[PDB]
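Peer 1: Need coordinates for the following:
(chains A, B, C, D, E, F, G, H, I and J)
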Amino acid sequence: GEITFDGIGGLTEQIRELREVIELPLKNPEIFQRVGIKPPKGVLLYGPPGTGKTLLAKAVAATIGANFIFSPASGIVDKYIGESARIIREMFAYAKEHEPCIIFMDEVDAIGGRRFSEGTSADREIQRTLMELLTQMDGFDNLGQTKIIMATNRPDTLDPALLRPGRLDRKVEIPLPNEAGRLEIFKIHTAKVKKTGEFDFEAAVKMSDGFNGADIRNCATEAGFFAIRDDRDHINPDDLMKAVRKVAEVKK
Amino acid sequence: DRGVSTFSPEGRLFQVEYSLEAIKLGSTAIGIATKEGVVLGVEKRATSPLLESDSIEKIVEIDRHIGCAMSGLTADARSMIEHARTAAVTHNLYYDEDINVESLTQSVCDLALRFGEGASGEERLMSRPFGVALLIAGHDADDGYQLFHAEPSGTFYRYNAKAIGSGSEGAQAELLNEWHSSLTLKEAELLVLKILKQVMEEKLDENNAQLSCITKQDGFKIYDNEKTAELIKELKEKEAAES
Amino acid sequence: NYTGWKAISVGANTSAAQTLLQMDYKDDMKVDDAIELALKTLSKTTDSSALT
Amino acid sequence: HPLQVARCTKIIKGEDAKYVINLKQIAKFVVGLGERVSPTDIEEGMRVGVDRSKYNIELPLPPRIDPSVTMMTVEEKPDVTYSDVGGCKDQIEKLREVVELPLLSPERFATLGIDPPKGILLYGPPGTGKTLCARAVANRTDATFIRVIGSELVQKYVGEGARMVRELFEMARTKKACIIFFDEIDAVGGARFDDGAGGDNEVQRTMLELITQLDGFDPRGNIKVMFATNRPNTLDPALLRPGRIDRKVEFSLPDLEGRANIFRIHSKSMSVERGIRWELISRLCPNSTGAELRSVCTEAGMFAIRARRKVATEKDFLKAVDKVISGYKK
Amino acid sequence: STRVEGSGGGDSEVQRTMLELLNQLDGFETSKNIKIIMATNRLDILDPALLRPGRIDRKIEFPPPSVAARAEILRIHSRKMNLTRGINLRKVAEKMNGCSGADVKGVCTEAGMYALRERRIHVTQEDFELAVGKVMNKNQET
Amino acid sequence: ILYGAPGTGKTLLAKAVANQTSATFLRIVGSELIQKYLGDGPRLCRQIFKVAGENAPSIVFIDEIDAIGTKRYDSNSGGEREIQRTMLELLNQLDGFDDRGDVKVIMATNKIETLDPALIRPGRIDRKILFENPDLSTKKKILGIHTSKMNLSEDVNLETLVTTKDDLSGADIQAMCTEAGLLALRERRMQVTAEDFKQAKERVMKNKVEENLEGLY
Amino acid sequence: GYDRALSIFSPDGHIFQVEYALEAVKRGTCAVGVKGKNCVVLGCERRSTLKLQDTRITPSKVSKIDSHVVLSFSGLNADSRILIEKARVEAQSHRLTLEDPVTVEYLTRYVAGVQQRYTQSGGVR
Amino acid sequence: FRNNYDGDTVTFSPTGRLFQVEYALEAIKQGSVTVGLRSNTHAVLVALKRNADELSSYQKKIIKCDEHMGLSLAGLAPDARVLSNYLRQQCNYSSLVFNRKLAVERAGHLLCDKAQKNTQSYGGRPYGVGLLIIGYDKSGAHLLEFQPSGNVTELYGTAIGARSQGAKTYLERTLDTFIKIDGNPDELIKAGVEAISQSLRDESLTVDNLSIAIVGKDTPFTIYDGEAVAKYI
Amino acid sequence: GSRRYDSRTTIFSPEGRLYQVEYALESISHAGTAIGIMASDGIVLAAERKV
Amino acid sequence: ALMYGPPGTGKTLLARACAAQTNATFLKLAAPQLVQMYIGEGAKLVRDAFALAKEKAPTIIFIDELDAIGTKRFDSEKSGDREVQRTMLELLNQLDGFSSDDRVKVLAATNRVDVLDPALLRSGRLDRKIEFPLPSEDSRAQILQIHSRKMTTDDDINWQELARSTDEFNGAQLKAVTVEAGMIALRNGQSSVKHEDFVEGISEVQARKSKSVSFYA
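Peer 2: Residues are numbered from 1 along each chain as shown, chains lettered A, B, ... in the order given. What follows is the structure:
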């Protein structure tokens, strides 16, 4: 993964409950076999992209040492016989060969979703794609060292078959962090950036409400424009305040 | 379709322009004003050999010294003709004297705008303005003989000649050269018909034309058909002897 | 639009009922002869085991 | 020597001694990396050459001289000067300012600082008066009119297409003080979603070649390029942008006065009475393109034989209008 | 039975192709006793020119079934079946409403399934009534 | 241009006239060229015109140009570029050919606002011939020919048959004759009554006139 | 609302509602009037293939407006009844105010005004 | 897009101009040009009467509305008529009731409200007409510019109708001369005929169908027509 | 706006009768039957009850 | 970086002007060419740009328009408009992968921006929002001053006047006007441009000046 799973910290609740669903059956399939319950099947990330959404998906894969495999859903839309069948199967086959692996399927409303009404207008290409996903999961085939992860802007948009257990058992939500949560994420973010002793973490956290990892990252870079401007090689309280107020202004 | 508040770029509603197009598809009406008379000719038009003459209106009396010629739809001019008679009658009751050509025209054209569910001290309630233009002629003691062109768009121009129709092109250009300050009433009628036969593609006759004039000698007089035929017959000789 | 008729049907199954009516019609029928007639026509437009 | 693909069927030696250019998708033979110095030769087989597209190999023996790489119709100092050009006044005035006056005085435009329009795009009913109007201005300045048919530029062979475009612009520079009239530009294609739909590769080669030649090194002061289009909204972005297309001209329909004149011009061939007036037919005629006026004229004669006379009266002209204009239903 | 709900351009384009052949045959060949059977029950998206003589020369209407007919179709099919004696087939048919020829075939195979479930080779009138009611529900769907 | 429905209007007049002029009748089905690959419509149009010039006198019949006859308003957003290309190649050859009596072109189509105003080309296509349902007299003639071929009763008249007709196509009259003979052959006999033709007429008319509208009010 | 754009000109100068009106007339029955010079004959079609109705419960083609004024129509039944009611009110009002048995032309002027009226101005079709 | 802010009188823009206001501003220009200039004791309107047909006869297009008031139009003539109609009525009601003679500012305000009520229903409409109103009251001389957009400014000088910018630039320059010249008509009138000739650039100037209108301390409302404009060309 | 949220369907079809009126007729043909018989010693009315 | 506000203000020229100055490769991708009716195609085009961007480095990937592909929906009806959604998404996914880098620059222009997301406010993506509001009067006189620099002049031009009379006019509109001002000067006999020529360019129609003697006699 691009980053480890304790360096994005201040998403910690979501870190915690992704870690025990995904990492543990991959590392230790044995505990789930021994109990006699199924290993987990599918996990869902929902919420706006870049709320630290992308972080959490990259980050679970790093710790396992899985390969993260990004699949564009539209490309799964070939207009030939069984090409569409072929592509899904091959990812599933490769997931078992190169195990452990995360097959990350981004957007499940270019190959799934609930459509216009699920009639025929060119909504059968979409229907063929979803049918394939549903048949492998429900059937004799299964997910064990292939984990599949769905991503969707809002979860209510997904077929209720996908909403059943035996497709997706784990459904994680990504909200706006806590003030405590913002605080932990900022200290991490500002740490790796070189700065003067006179920097005030305390001031920025107080000004920030409704900030995701991305919004903290903007405050560092915005300050940095003022810091080339003020003829320095390091970030200072003067650069920090201005930057924090501007990122606040542009948004709610 | 089209709103009663939806303009073109120039300030002008769709509906107003569109009326003005249908006007031009009517029948040809030509009026020439001098200071010896105003002569009005129209093509009456026979729509069949079994359509009776003088049952179709093209020369109407607003008052006994005041006429109008129409072009467009004939029913649409009826609401105007009604308003014009009423205006004339009322002014004479109140003031015991004649309405001026201008005054009369203004009164009809104020109520030809309208349309929509609007109001501002003017009652507007029409679905469309009228589809018809009329050439309103009269003589008044002060200004004598005058001719006015009424647009149903609430617009009014004072004129000394105007022609409208589908024959407008030939007739206005001919009218400019033919215009003079005074010339005899008999020469003028003969000359009007000459202009009409030119823009007309077919033989001109009295079963599709009616003439009319306005005199200070005896007020609004429709120059009737029998008398008009004898002039058309002279027309055939004078015209094939310039050729 | 309105018309007068000597036998007509309206609502569903106008064609079927009207066709039969024109055929059995008479002008020496009595109330009871009509009822019998009426009851036949109604039967032939309704498909059932029985009509109650 | 035409060759657009050149097998020599396993003449074998070897370093080298096969020296065969195949340009075909199946089999890509590249003899690249600059020079091979040869007196005459790639290899043998009646077919020393380097196809229509060259994988290096700097041109032994004539392979890209091919019999028709031109087929368009040039008319210097056109026949047309006034044909269907009546009541085209707004269109005609634009052509005068854009084309006529810089040709007439190149020095005045230079001194001012401005460029006359590099390109003109002409839309509206096409060839009904459009091509005619273009020929009328050209004749007046004595400027070669070059009429190129969009559809021909659609040859089904390799480059065959890039061949033709190139020689058309070479001709324009030689004969300069001249108009290149392109009827269709959607025959050789503009914007579409059908490049991924697996065929229109041949089309794409032509399109790109065209853009390159024009903007690249064609002088655009006297040499005018005129484009004609059937859908004004289907231009490719390269085509659209200023520096290539400036002036966008409307087709102008013959007006009442204009239609009467065109009526006189076309009846000079016909055998009809001259005592009638053209004007009369025009009042009954509603807004009609130059093509329709011509259609009235052939129809009055068919009417005339039907009514059993060998002259056409006014009355045949009136009937002939009634028939063509209802029939047309546009 | 081979429903597909016509088409405006997927089987109107194909019928045009068919229509040339039929035209060519009426000409020089003059070939008849070579037959095409079409059947369809919609023509508000199918072309009329097929129904014109040259291609389709006769247009015959299918009759609607009746209670009296449903009883016959049942009578033939049950003849292979082992029955319990005292049975009355007109009664079973009358209990049908709307039922087309394929539905009648369903009544025997379901009557028999009910008997099979109870491990009987003989089927009473009562099972047959219960079967028809099931068959009626099938026609009501979609 | 021949407008109407084929087999009864468009097809009959075009076959008939060619036979009269002793010219080669060429029917091409427009839609079928409607091939689904970019580029091959334009080849196919070329071959039509190539054959014509080689093998004149000819009547070129292009049936149903409304699949390749499109001309759209776009080529983006579900726009298909081939369809428009083919329509243009077709048009440019047609306008390239002009004759006084080597080629006359007959078209079939039922919309003209899918076609280019330069594929009409005013001064080429002057004529607009359209099928209607025939007059009483012409209907009399259509009946008269078809009954020649029958053996029939003498209670049958042309006159009686006309009065109950509301103006129909000639194809309905043909269809009526085949249906009628079939009730006569079913009754095992070769006499066709006035009643037989009347039953047959009513029946086809009924199958065609699936839409209905009260017009008397 | 419904006080506007029922009726407006095209830029082609056709009226929608009038153009679809003339079409109801062609579809409907047939009426003709031929004049002598000391008579007027009015002949009418009433067309029904269905024979299960009488003339004495199907409305007449010629309706009396007065004993010496008659009205014939072709078109919708519904609409024609509206027009007929005005013409009888106009006959009796004229007789009352001018004290002359009716002139037939004046009655045309009243029926024709109504017809103009709902076209020119909205709130009625 | 177009259809959002066109015909819809209830809508707004972040800018506050709808399509219906920009068309109205264009409509003013399509009437003939008329220029205004005033001192502090007189107010002048110089207006060109140019016929729009060959046969058409010249008629007044400056209309005296009261003894101490008038207007000239530029733009749409029906639109101009209704407003003039309401203003003549308004003039009377003030004179009978309150004996009040209107200042321009007051009328103006009234004028804005009238347009405003008709831009609050789809069945009414906005106008297409500008007006220059002159009047002389006891606060001196006045010239007002009325706009359909409801922007009313009382100015020393302006022009509306086609090709305004010729005259505006001249009028801003001769400003200082003209405003301090009091009790003398002839110079301000002459200067108005010069202004309007810079508006024209390619359109005729008529030496007997110009019409100049003046109001003031020593001038009750007179329109000089025909002959009587001669000595100011 | 809301001057274009008018259904405009109580205007004529080209078929010689209003849209809404023709469509409404269909609605009748999908509801209960009434039968009217006029006799020479009565009038008989029958109607079949819907549900 | 992200650019927004009306085109023809000189956005496209600034993109190139920045490219020339830094010594970057201008790669122009028109957003409606990427929008294929065929499966998955635009997505592939978006990826091919970025890859070549890295070999060709330093580079500005200039995407003229981002309003055609900006549409991505929020409903379940996304199925249909999948193609536009994937391309927008594809560019953000690839961009975010790195962040120590700036040897590919992405520049987007939007007619006006309509959506905003955390995706569209992150560093290494579109952090930067530069707005292009319509230019001022003072600004128009300088842009005008540039066009007439190429022109030859009589030094009778007054810039100030013309600039106050134009109303939210853009760089493109002004350029065309300078060419019309020169044509007028040709017509008058002049071979140089003065102020009046420009004033006359303003008088011809632009939706606020017009000439006629209509509705006036």
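Peer 1: Quick check, the residue in chain C closest to chain B?
Peer 2: Of chain C, the residue with the smallest distance to chain B, taken as CB to the nearest CB, is residue C:1 at 26.8 Å. Heads up, the C-betas are built off the backbone N, CA and C, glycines and all.
Peer 1: That residue: how many residues sit nearby?
Peer 2: As a burial measure, the neighbour count of residue C:1 was computed by other CB atoms under 10 Å in any protein chain shown and equals 13.
Peer 1: quick one: it and residue G:78 touch, right?
Peer 2: Yes. Taking contacts as CB atoms under 8 Å, residue C:1 lies within contact range of residue G:78: 5.9 Å.
Peer 1: What residues of the longest helix belonging to chain H count as buried?
Peer 2: Among the segments of chain H that qualify as a helix by DSSP state H, the longest is helix H:77-97. When neighbours are counted by 16 or more other CB atoms under 10 Å in any protein chain shown, the buried residues of helix H:77-97 are found to be H:77-84, H:86-87, H:90-91, H:94.
Peer 1: Output the contacting helices and strands for the next helix or strand along the chain from that helix.
Peer 2: Counting by DSSP states H and E, the next helix or strand C-terminal to helix H:77-97 is helix H:104-117. Using 3 or more CB pairs under 8 Å, 6 or more residues apart in numbering or on different chains; DSSP states H and E, the elements in contact with helix H:104-117 are helix H:77-97, strand H:129-137, strand H:140-146.
Peer 1: How many residues are close by residue 183?
Peer 2: As the question left the chain open, I've gone with chain A. One way to gauge burial is a neighbour count; for residue A:183, by other CB under 10 Å, it gives 18.
Peer 1: my bad, chain H
Peer 2: Counted with other CB under 10 Å, residues neighbouring residue H:183 total 10.
Peer 1: returning to what we had before: between the helices and strands packed on helix H:104-117, which gets nearest to residue F:1?
Peer 2: Residue F:1 sits nearest to helix H:77-97 of all these, at 48.2 Å, using CB to CB.
Peer 1: Need the residues that contact that closest one.
Peer 2: The list of residues contacting helix H:77-97 from outside it, by CB atoms under 8 Å, 6 or more residues apart in numbering or on different chains, reads B:11, B:109-110, B:113, B:120-122, B:153-155, H:31, H:63, H:65-66, H:69, H:71, H:73, H:100-102, H:107, H:110-111, H:114, H:127-129, H:131, J:215-216.
Peer 1: pretty sure residue A:114 contacts residue J:76?
Peer 2: Yes. If you go by CB under 8 Å, residue A:114 and residue J:76 touch, sitting 3.7 Å apart.
Peer 1: re the thing from before, which residues do residue C:1 and residue G:78 both contact?
Peer 2: Contact criterion CB under 8 Å, 6+ apart; residues bridging residue C:1 and residue G:78 by contacting each: residue F:217.
Peer 1: Let me know the secondary structure of the closest residue to chain C within chain H.
Peer 2: Distances between chain H and chain C by CB to the nearest CB are smallest at residue H:123, namely 35.2 Å. Look at residue H:123: counting by DSSP: H, G, I helix; E, B strand; the rest coil, its state is coil.
Peer 1: The residue most central in space within chain I is in what secondary structure piece?
Peer 2: Central residue of chain I (CA atoms, centre = their mean): residue I:25, 3.3 Å from the mean position. Assigned by DSSP H and E, residue I:25 belongs to helix I:19-28.
Peer 1: So what are the sheet partners of the helix or strand just after that helix and their directions?
Peer 2: Sequence-wise, the next helix or strand beyond helix I:19-28 is strand I:34-38, with elements assigned using DSSP H and E. Note on strand I:34-38: by DSSP bridges, its sheet partners are strand C:7-10 (antiparallel), strand I:43-47 (antiparallel).
Peer 1: which of those is buried the deepest?
Peer 2: Taking mean count of other CB atoms under 10 Å in any protein chain shown as the contact definition, the stretch among those with the greatest mean neighbour count is strand C:7-10, which reaches a mean of 20.
Peer 1: Up against chain E, what does chain I have?
Peer 2: For chain I, there are no residues in contact with chain E under the definition CB under 8 Å from any CB of the partner chain.
Peer 1: Which secondary structure state does the residue in chain I that chain J sits nearest to sit in?
Peer 2: Checking chain I residue by residue against chain J with CB to the nearest CB singles out residue I:1 as nearest, at 22.6 Å. Following three-state DSSP, residue I:1 is assigned to coil.
Peer 1: residue contacts, the residue of chain J found nearest chain I?
Peer 2: Here chain J gets closest to chain I at one residue, residue J:114, 22.6 Å apart by CB to the nearest CB. Contacts were defined as CB under 8 Å, 6+ apart; by that measure residue J:114 touches J:67, J:70.
Peer 1: three-state assignment of it?
Peer 2: The local conformation at residue J:114, judged by three-state DSSP, is coil.
Peer 1: Same check on the one 5 residues further on?
Peer 2: When the structure is reduced to helix, strand and coil (three-state DSSP), residue J:119 reads as coil.
Peer 1: my read: it touches residue J:92, true?
Peer 2: Yes. Using CB under 8 Å, residue J:119 is in contact with residue J:92, at 5.1 Å.
Peer 1: what sits in contact with each of the two?
Peer 2: With contacts defined as CB under 8 Å, 6+ apart, the residues adjacent to both residue J:119 and residue J:92 are A:49-50, J:125.
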